[PDB]
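Okay, final04.txt now, which holds compact mmCIF, C-alpha atoms:
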```txt
# COMPACT_ATOMS: atom_id res chain seq x y z
CA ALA A 1 8.69 -23.69 -58.14
CA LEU A 2 8.67 -20.19 -59.62
CA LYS A 3 10.67 -17.62 -57.65
CA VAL A 4 10.02 -14.37 -59.46
CA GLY A 5 11.33 -10.81 -59.11
CA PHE A 6 10.61 -7.55 -60.95
CA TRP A 7 13.37 -5.01 -61.55
CA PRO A 8 12.19 -1.55 -62.61
CA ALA A 9 14.44 0.27 -65.10
CA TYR A 10 13.65 3.58 -63.31
CA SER A 11 15.81 2.41 -60.39
CA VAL A 12 19.03 1.96 -62.40
CA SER A 13 20.87 4.96 -60.85
CA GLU A 14 20.47 3.62 -57.29
CA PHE A 15 20.01 -0.11 -57.90
CA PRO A 16 21.61 -1.36 -61.13
CA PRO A 17 20.95 -4.99 -62.20
CA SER A 18 24.33 -6.03 -60.75
CA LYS A 19 22.86 -5.48 -57.26
CA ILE A 20 20.11 -8.11 -57.69
CA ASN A 21 20.77 -11.31 -55.76
CA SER A 22 19.76 -13.56 -58.65
CA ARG A 23 20.64 -16.69 -56.64
CA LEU A 24 17.29 -16.19 -54.89
CA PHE A 25 15.24 -16.29 -58.11
CA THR A 26 14.29 -18.55 -61.00
CA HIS A 27 12.93 -15.69 -63.15
CA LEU A 28 13.72 -11.98 -63.26
CA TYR A 29 11.67 -9.36 -65.10
CA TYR A 30 12.83 -6.13 -66.73
CA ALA A 31 10.06 -3.54 -66.26
CA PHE A 32 9.02 -1.99 -68.61
CA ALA A 33 9.15 -1.88 -72.39
CA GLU A 34 6.81 0.78 -73.80
CA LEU A 35 3.92 0.22 -76.23
CA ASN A 36 5.04 3.12 -78.45
CA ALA A 37 1.71 4.33 -79.87
CA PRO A 38 0.70 4.92 -82.63
CA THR A 39 2.96 2.46 -84.50
CA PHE A 40 3.03 -0.01 -81.58
CA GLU A 41 6.56 -1.02 -82.52
CA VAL A 42 7.30 -2.10 -78.95
CA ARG A 43 10.63 -0.90 -77.57
CA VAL A 44 12.56 -0.15 -74.42
CA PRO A 45 12.46 3.59 -73.64
CA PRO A 46 15.00 5.16 -76.04
CA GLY A 47 18.29 5.77 -74.23
CA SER A 48 17.93 2.59 -72.16
CA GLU A 49 19.05 0.11 -74.88
CA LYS A 50 22.37 -0.72 -73.16
CA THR A 51 20.66 -1.32 -69.80
CA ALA A 52 18.15 -3.67 -71.45
CA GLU A 53 20.85 -5.58 -73.36
CA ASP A 54 23.10 -5.93 -70.30
CA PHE A 55 20.29 -7.01 -67.94
CA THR A 56 20.27 -10.72 -68.68
CA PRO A 57 24.05 -11.34 -68.95
CA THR A 58 24.49 -9.36 -65.71
CA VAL A 59 21.95 -11.23 -63.56
CA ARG A 60 23.10 -14.58 -64.99
CA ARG A 61 26.66 -14.01 -63.75
CA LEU A 62 25.55 -14.86 -60.17
CA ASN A 63 23.09 -17.59 -61.11
CA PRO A 64 23.45 -18.74 -64.73
CA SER A 65 20.26 -20.84 -64.49
CA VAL A 66 18.09 -17.76 -63.83
CA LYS A 67 15.83 -16.80 -66.74
CA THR A 68 14.56 -13.36 -67.69
CA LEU A 69 11.44 -11.85 -69.20
CA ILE A 70 10.69 -8.35 -70.40
CA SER A 71 7.41 -6.82 -69.27
CA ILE A 72 5.50 -4.55 -71.64
CA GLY A 73 3.30 -1.80 -70.25
CA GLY A 74 3.08 -0.87 -66.58
CA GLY A 75 0.54 0.57 -64.16
CA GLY A 76 -0.96 3.99 -64.77
CA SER A 77 -3.45 5.51 -67.17
CA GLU A 78 -1.23 6.21 -70.20
CA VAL A 79 -0.39 2.50 -70.54
CA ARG A 80 -4.03 1.44 -70.05
CA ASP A 81 -5.12 3.97 -72.72
CA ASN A 82 -2.48 2.64 -75.12
CA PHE A 83 -3.51 -0.99 -74.66
CA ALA A 84 -7.13 0.00 -75.26
CA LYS A 85 -6.19 1.81 -78.51
CA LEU A 86 -3.91 -1.04 -79.59
CA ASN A 87 -6.32 -3.91 -79.00
CA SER A 88 -9.14 -2.40 -81.07
CA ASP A 89 -6.93 -2.16 -84.19
CA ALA A 90 -6.09 -5.47 -85.94
CA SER A 91 -3.16 -3.92 -87.86
CA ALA A 92 -1.71 -2.43 -84.67
CA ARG A 93 -2.06 -5.80 -82.92
CA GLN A 94 -0.01 -7.41 -85.73
CA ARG A 95 2.73 -4.78 -85.35
CA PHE A 96 2.74 -5.20 -81.55
CA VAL A 97 3.00 -8.99 -81.82
CA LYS A 98 5.86 -8.96 -84.35
CA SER A 99 7.84 -6.24 -82.54
CA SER A 100 7.36 -7.74 -79.05
CA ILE A 101 8.78 -11.10 -80.11
CA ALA A 102 11.65 -9.34 -81.90
CA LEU A 103 12.31 -7.24 -78.77
CA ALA A 104 12.69 -10.28 -76.52
CA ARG A 105 15.12 -11.95 -78.95
CA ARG A 106 17.04 -8.69 -79.56
CA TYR A 107 18.02 -8.28 -75.90
CA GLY A 108 18.28 -11.97 -75.00
CA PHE A 109 15.15 -12.28 -72.86
CA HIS A 110 13.51 -15.70 -72.42
CA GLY A 111 9.93 -14.45 -72.40
CA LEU A 112 7.39 -11.64 -72.57
CA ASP A 113 5.00 -10.27 -69.96
CA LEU A 114 1.98 -8.01 -70.47
CA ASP A 115 1.23 -5.53 -67.70
CA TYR A 116 -2.23 -4.19 -68.56
CA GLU A 117 -4.20 -2.71 -65.66
CA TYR A 118 -6.89 -3.57 -66.49
CA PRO A 119 -8.71 -5.25 -69.41
CA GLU A 120 -12.14 -3.88 -68.42
CA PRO A 121 -14.97 -3.29 -69.24
CA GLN A 122 -16.14 -6.22 -71.40
CA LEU A 123 -15.09 -4.64 -74.72
CA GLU A 124 -11.54 -4.26 -73.44
CA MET A 125 -11.41 -7.88 -72.28
CA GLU A 126 -12.71 -9.09 -75.66
CA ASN A 127 -10.10 -7.04 -77.51
CA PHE A 128 -7.33 -8.15 -75.09
CA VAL A 129 -8.30 -11.77 -75.89
CA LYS A 130 -7.61 -10.99 -79.57
CA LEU A 131 -4.13 -9.59 -78.78
CA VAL A 132 -3.13 -12.42 -76.47
CA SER A 133 -4.40 -15.14 -78.84
CA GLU A 134 -2.41 -13.65 -81.72
CA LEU A 135 0.67 -13.32 -79.49
CA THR A 136 0.46 -16.97 -78.32
CA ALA A 137 0.22 -18.24 -81.91
CA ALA A 138 3.11 -16.06 -83.09
CA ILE A 139 5.27 -17.16 -80.15
CA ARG A 140 4.73 -20.81 -81.11
CA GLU A 141 5.43 -20.05 -84.79
CA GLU A 142 8.68 -18.22 -83.93
CA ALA A 143 9.84 -21.21 -81.85
CA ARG A 144 9.31 -23.51 -84.85
CA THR A 145 10.92 -21.34 -87.56
CA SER A 146 13.90 -20.09 -85.51
CA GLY A 147 14.45 -23.47 -83.81
CA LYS A 148 15.07 -21.68 -80.50
CA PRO A 149 13.30 -22.54 -77.20
CA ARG A 150 9.80 -21.02 -77.14
CA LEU A 151 9.44 -17.62 -75.46
CA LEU A 152 7.60 -17.67 -72.14
CA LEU A 153 4.40 -15.63 -71.99
CA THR A 154 2.95 -14.21 -68.78
CA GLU A 155 0.66 -11.37 -67.74
CA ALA A 156 -0.24 -9.25 -64.73
CA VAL A 157 -3.66 -9.95 -63.26
CA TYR A 158 -5.81 -8.20 -60.67
CA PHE A 159 -5.89 -9.95 -57.27
CA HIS A 160 -9.36 -11.30 -58.12
CA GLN A 161 -10.71 -13.25 -61.10
CA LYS A 162 -13.64 -10.80 -61.38
CA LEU A 163 -13.26 -7.23 -62.59
CA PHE A 164 -14.44 -6.23 -60.14
CA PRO A 165 -15.70 -8.29 -57.13
CA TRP A 166 -18.13 -5.59 -55.94
CA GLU A 167 -19.37 -4.79 -59.46
CA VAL A 168 -18.62 -7.42 -62.11
CA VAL A 169 -18.26 -5.92 -65.60
CA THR A 170 -16.02 -8.68 -66.96
CA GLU A 171 -13.73 -11.45 -65.70
CA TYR A 172 -10.48 -13.16 -66.61
CA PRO A 173 -11.12 -16.08 -68.97
CA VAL A 174 -9.14 -18.68 -67.01
CA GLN A 175 -9.24 -21.52 -69.56
CA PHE A 176 -8.06 -19.15 -72.31
CA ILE A 177 -5.26 -17.88 -70.05
CA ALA A 178 -4.15 -21.37 -68.95
CA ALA A 179 -3.88 -22.48 -72.59
CA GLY A 180 -1.98 -19.43 -73.92
CA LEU A 181 0.21 -18.42 -70.97
CA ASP A 182 2.86 -20.08 -68.84
CA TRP A 183 1.57 -18.30 -65.73
CA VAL A 184 -0.07 -15.14 -64.41
CA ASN A 185 1.34 -12.71 -61.88
CA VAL A 186 -1.39 -12.15 -59.29
CA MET A 187 -1.12 -8.61 -57.92
CA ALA A 188 -2.20 -9.48 -54.38
CA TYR A 189 -1.44 -6.07 -52.86
CA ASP A 190 -2.54 -2.40 -52.74
CA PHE A 191 -5.84 -3.45 -51.10
CA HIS A 192 -5.53 -0.51 -48.71
CA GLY A 193 -3.61 2.77 -48.68
CA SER A 194 -3.65 6.51 -47.98
CA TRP A 195 -6.72 6.90 -50.22
CA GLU A 196 -8.60 5.55 -47.16
CA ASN A 197 -9.20 7.36 -43.84
CA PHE A 198 -8.21 4.33 -41.73
CA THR A 199 -5.00 2.33 -41.52
CA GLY A 200 -5.18 -1.22 -42.89
CA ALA A 201 -3.14 -4.17 -44.13
CA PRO A 202 -2.32 -3.29 -47.76
CA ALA A 203 -1.62 -6.93 -48.72
CA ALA A 204 -3.62 -8.91 -46.14
CA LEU A 205 -3.49 -12.66 -46.79
CA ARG A 206 -6.85 -13.01 -45.04
CA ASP A 207 -9.32 -11.07 -42.88
CA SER A 208 -13.00 -8.41 -45.46
CA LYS A 209 -13.05 -9.94 -48.95
CA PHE A 210 -10.23 -7.70 -50.21
CA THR A 211 -7.51 -10.24 -49.39
CA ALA A 212 -4.90 -12.33 -51.19
CA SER A 213 -6.58 -15.64 -50.26
CA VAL A 214 -10.06 -14.56 -51.45
CA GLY A 215 -8.53 -13.44 -54.75
CA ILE A 216 -6.58 -16.70 -55.17
CA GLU A 217 -9.73 -18.71 -54.29
CA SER A 218 -11.63 -16.83 -57.02
CA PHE A 219 -9.18 -17.89 -59.74
CA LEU A 220 -9.23 -21.48 -58.48
CA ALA A 221 -13.05 -21.57 -58.31
CA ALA A 222 -13.24 -20.33 -61.90
CA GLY A 223 -11.05 -23.27 -62.96
CA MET A 224 -7.50 -21.90 -63.14
CA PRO A 225 -4.91 -24.68 -62.77
CA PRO A 226 -3.17 -23.79 -59.49
CA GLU A 227 0.31 -24.04 -61.03
CA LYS A 228 -0.61 -21.14 -63.39
CA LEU A 229 -0.91 -18.76 -60.44
CA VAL A 230 2.08 -16.85 -59.06
CA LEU A 231 1.35 -14.97 -55.83
CA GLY A 232 2.55 -11.37 -55.76
CA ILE A 233 4.18 -10.07 -52.58
CA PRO A 234 5.12 -6.39 -52.18
CA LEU A 235 8.61 -5.23 -51.21
CA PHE A 236 7.07 -1.90 -50.22
CA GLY A 237 4.53 -0.73 -47.66
CA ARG A 238 1.65 1.73 -47.76
CA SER A 239 1.91 4.63 -45.31
CA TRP A 240 -0.50 6.98 -43.56
CA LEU A 241 -0.31 9.98 -41.27
CA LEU A 242 -2.16 9.20 -38.04
CA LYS A 243 -4.91 11.44 -36.68
CA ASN A 244 -3.83 10.56 -33.12
CA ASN A 245 -0.39 9.33 -32.03
CA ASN A 246 -1.89 7.07 -29.34
CA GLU A 247 -4.09 5.20 -31.83
CA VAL A 248 -1.56 3.07 -33.63
CA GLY A 249 -3.12 -0.29 -34.52
CA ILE A 250 -5.00 -1.49 -37.61
CA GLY A 251 -8.15 0.55 -38.20
CA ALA A 252 -6.74 3.71 -36.61
CA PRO A 253 -7.99 7.05 -38.03
CA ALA A 254 -5.71 8.73 -40.60
CA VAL A 255 -5.33 12.22 -42.12
CA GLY A 256 -3.43 11.51 -45.36
CA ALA A 257 -0.43 9.90 -47.05
CA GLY A 258 2.77 9.22 -45.13
CA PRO A 259 6.20 9.12 -46.82
CA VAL A 260 7.02 8.78 -49.64
CA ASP A 261 3.73 9.94 -51.19
CA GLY A 262 2.05 6.98 -49.44
CA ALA A 263 4.64 4.28 -50.17
CA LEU A 264 7.87 3.19 -48.47
CA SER A 265 10.38 0.59 -49.66
CA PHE A 266 11.08 -2.37 -47.37
CA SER A 267 14.65 -1.10 -46.94
CA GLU A 268 13.30 2.31 -45.85
CA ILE A 269 10.90 0.52 -43.47
CA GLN A 270 13.90 -1.28 -41.93
CA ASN A 271 15.50 2.16 -41.43
CA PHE A 272 12.22 3.41 -39.92
CA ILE A 273 12.29 0.56 -37.37
CA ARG A 274 16.01 1.00 -36.55
CA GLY A 275 15.26 4.72 -36.08
CA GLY A 276 12.69 4.02 -33.36
CA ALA A 277 9.49 2.80 -35.03
CA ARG A 278 7.76 -0.14 -33.34
CA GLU A 279 7.19 -3.23 -35.50
CA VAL A 280 4.03 -5.28 -34.95
CA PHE A 281 3.07 -8.56 -36.59
CA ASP A 282 -0.67 -8.82 -37.14
CA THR A 283 -1.74 -12.47 -37.10
CA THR A 284 -5.34 -11.61 -38.04
CA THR A 285 -4.31 -10.39 -41.51
CA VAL A 286 -0.88 -12.08 -41.81
CA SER A 287 0.95 -8.79 -42.20
CA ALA A 288 3.21 -6.32 -40.46
CA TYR A 289 2.99 -2.68 -39.52
CA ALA A 290 5.34 -0.13 -37.99
CA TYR A 291 4.74 3.25 -36.37
CA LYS A 292 6.58 6.22 -34.89
CA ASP A 293 4.96 9.48 -33.82
CA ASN A 294 2.36 10.26 -36.53
CA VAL A 295 3.70 7.89 -39.24
CA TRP A 296 2.21 4.40 -39.76
CA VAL A 297 3.20 1.89 -42.46
CA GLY A 298 1.69 -1.50 -43.37
CA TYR A 299 3.91 -4.01 -45.16
CA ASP A 300 5.23 -7.57 -45.32
CA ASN A 301 8.07 -8.67 -43.04
CA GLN A 302 10.16 -11.83 -42.54
CA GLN A 303 7.29 -13.64 -40.77
CA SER A 304 4.43 -12.65 -43.09
CA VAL A 305 6.47 -13.42 -46.24
CA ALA A 306 7.30 -16.90 -44.91
CA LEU A 307 3.61 -17.44 -44.11
CA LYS A 308 2.51 -16.21 -47.56
CA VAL A 309 5.05 -18.42 -49.32
CA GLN A 310 3.96 -21.49 -47.32
CA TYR A 311 0.34 -20.54 -48.11
CA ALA A 312 1.23 -20.55 -51.82
CA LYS A 313 2.84 -23.98 -51.49
CA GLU A 314 -0.18 -25.41 -49.61
CA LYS A 315 -2.52 -23.98 -52.26
CA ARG A 316 -0.35 -25.71 -54.91
CA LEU A 317 0.46 -22.44 -56.67
CA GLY A 318 3.21 -22.10 -59.30
CA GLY A 319 5.20 -19.85 -56.97
CA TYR A 320 5.54 -16.22 -55.89
CA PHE A 321 6.77 -12.89 -57.23
CA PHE A 322 8.18 -9.73 -55.68
CA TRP A 323 7.46 -6.17 -56.75
CA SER A 324 10.09 -4.80 -56.82
CA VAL A 325 13.62 -6.07 -56.12
CA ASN A 326 15.28 -2.62 -55.80
CA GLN A 327 13.10 -2.01 -52.72
CA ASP A 328 14.79 -4.69 -50.58
CA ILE A 329 18.46 -3.84 -51.05
CA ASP A 330 19.77 -6.57 -48.72
CA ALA A 331 17.34 -9.13 -50.25
CA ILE A 332 15.98 -10.00 -46.80
CA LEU A 333 12.53 -11.04 -48.04
CA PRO A 334 13.65 -12.86 -51.21
CA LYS A 335 15.98 -14.90 -48.96
CA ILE A 336 13.26 -16.00 -46.53
CA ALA A 337 10.89 -16.70 -49.43
CA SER A 338 13.45 -18.91 -51.22
CA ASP A 339 14.34 -20.76 -48.01
CA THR A 340 10.63 -21.30 -47.23
CA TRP A 341 9.75 -23.00 -50.51
CA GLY A 342 12.96 -25.05 -50.36
```
If you convert what's in this file into structure tokens, what do you get?
Amino acid sequence: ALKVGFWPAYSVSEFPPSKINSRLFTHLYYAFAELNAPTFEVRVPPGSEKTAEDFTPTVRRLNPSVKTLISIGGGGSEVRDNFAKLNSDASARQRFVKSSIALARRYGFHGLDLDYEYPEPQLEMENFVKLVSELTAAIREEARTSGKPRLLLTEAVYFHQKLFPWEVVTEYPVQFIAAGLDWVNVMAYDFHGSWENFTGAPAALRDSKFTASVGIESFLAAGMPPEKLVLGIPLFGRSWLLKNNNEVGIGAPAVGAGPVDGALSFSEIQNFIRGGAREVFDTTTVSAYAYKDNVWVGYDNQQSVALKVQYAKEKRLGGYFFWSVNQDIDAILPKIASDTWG
């Protein structure tokens, strides 16, 4: 049972690694190492070397059995552009592969993750296949020569096996992935947000075809071994400003992004509720929302997380992951998730 959490290095000033309740996890990720174009000598952002080195010893103090991985990349266009440049250049791929493995060993990580959003269209998938194949082979070679336990290899995937469901340009090669990777981190969230003129469940388990279950079903139908799938669960909500303060349910008209720029951490949502927002559990989508005056936020709460984790167990998945652990300071949701699988 994989109990996974992502810690973003950006949050160090407010949530250093010492604050993570690592007893609630089997695997913790450091996000993110940079691709470092044009050499593609992968590295942590310069100036963060001590933070990266201290990450694993720090989290292991509370739960020595916890393992760590370092994730390379991130969301956003600059990273996507860099992966696209990298993967087309055989020499650059070689430099990336060598430096990534060295990076993990340097800082005492137990594995590598690739966060590439997304390997599309078809050319980009084909070139990503080249990178990942070379990385898998080099990881196995390093394990043999060094004698050390083999580095884990994972990657971020879109919620759905097809890129994209409404207009298929390419798709994740599930057999390839199952053979080369230990698991994939299914990003089953950000289905809805302030970019839409109606409130919705940003990480709906079910409903619409833009849901966690439909996405999971797509990977399974394509032939992914269920244990290779790790279900992502957000520790943040998506927020809207309401057009009318008396229309407060799902599907209510909206006039733009709520705080903070359309996203609120779970901890901030708890403050929102304690400050007078009304919490509602929506059984239709398996999700929560909260509202006060003109602010509306959709998220996952104690009930929906427990339901999603049980869903993952019933679907025989490898486990679950949280993005991102700094956003639930009291580890409310990681606690219920861990208790649910156990």
Report as a ChimeraX atom specification all protein, DNA and RNA residues lying within 9 Å of residue 269 of chain A, evaluated on all atoms listed in the file, omitting residues in the same chain fewer than 5 positions from it. /A:236-237,264,274,277,290,297,299
Keeping only C-alpha atoms, write the selected residues as a PDB file, keeping the file's coordinate frame.
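That gives us result.pdb:
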```pdb
ATOM      1  CA  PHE A 236       7.070  -1.900 -50.220  1.00  0.00           C
ATOM      2  CA  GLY A 237       4.530  -0.730 -47.660  1.00  0.00           C
ATOM      3  CA  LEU A 264       7.870   3.190 -48.470  1.00  0.00           C
ATOM      4  CA  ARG A 274      16.010   1.000 -36.550  1.00  0.00           C
ATOM      5  CA  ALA A 277       9.490   2.800 -35.030  1.00  0.00           C
ATOM      6  CA  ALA A 290       5.340  -0.130 -37.990  1.00  0.00           C
ATOM      7  CA  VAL A 297       3.200   1.890 -42.460  1.00  0.00           C
ATOM      8  CA  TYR A 299       3.910  -4.010 -45.160  1.00  0.00           C
TER       9      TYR A 299
END
```
Interatomic distance (Å, one decimal) between atom CA of residue 164 of chain A and atom CA of residue 187 of chain A: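 Here the two named atoms are 13.7 Å from each other.
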When you draw a straight line from atom CA of residue 177 of chain A to atom CA of residue 87 of chain A, how long is it in Å? 16.6 Å
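When atom CA of residue 206 of chain A is paired with atom CA of residue 285 of chain A, their separation reads 5.1 Å.
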Of the candidates A:159, A:272, A:40, A:311, which one gets nearest to residue 184 of chain A if we count all atoms listed in the file?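 Closest to residue 184 of chain A of all the choices is A:159.
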Show me as a list in words the residues that reach within 10 Å of (7.5, 1.0, -66.0), counting only C-alpha atoms and using the file's own coordinates.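 Residues with an atom close enough to that point: residues 7, 8, 9, 10, 30, 31, 32, 33, 34, 44, 45, 71, 72, 73, 74, 75, 76, 79 and 115 of chain A.
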Output of the above residues as a compact mmCIF listing (two decimals), in the coordinates of the input, restricted to C-alpha atoms:
```txt
# COMPACT_ATOMS: atom_id res chain seq x y z
CA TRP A 7 13.37 -5.01 -61.55
CA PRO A 8 12.19 -1.55 -62.61
CA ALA A 9 14.44 0.27 -65.10
CA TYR A 10 13.65 3.58 -63.31
CA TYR A 30 12.83 -6.13 -66.73
CA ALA A 31 10.06 -3.54 -66.26
CA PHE A 32 9.02 -1.99 -68.61
CA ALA A 33 9.15 -1.88 -72.39
CA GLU A 34 6.81 0.78 -73.80
CA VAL A 44 12.56 -0.15 -74.42
CA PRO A 45 12.46 3.59 -73.64
CA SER A 71 7.41 -6.82 -69.27
CA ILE A 72 5.50 -4.55 -71.64
CA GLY A 73 3.30 -1.80 -70.25
CA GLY A 74 3.08 -0.87 -66.58
CA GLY A 75 0.54 0.57 -64.16
CA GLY A 76 -0.96 3.99 -64.77
CA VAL A 79 -0.39 2.50 -70.54
CA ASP A 115 1.23 -5.53 -67.70
```
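With only C-alpha atoms as the atoms that count, the residue of A:211, A:294, A:127, A:51 with the shortest distance to residue 245 of chain A is A:294.
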Top pick for closest residue to residue 58 of chain A, considering A:20, A:332, A:97, A:220 and counting only C-alpha atoms: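 Of all the options, A:20 lies closest to residue 58 of chain A.
Once all atoms listed in the file are considered, the residues situated within 9 Å of the file point (19.9, -8.7, -67.8) turn out to be residues 17, 18, 28, 29, 30, 51, 52, 53, 54, 55, 56, 57, 58, 59, 60, 68, 107, 108 and 109 of chain A.
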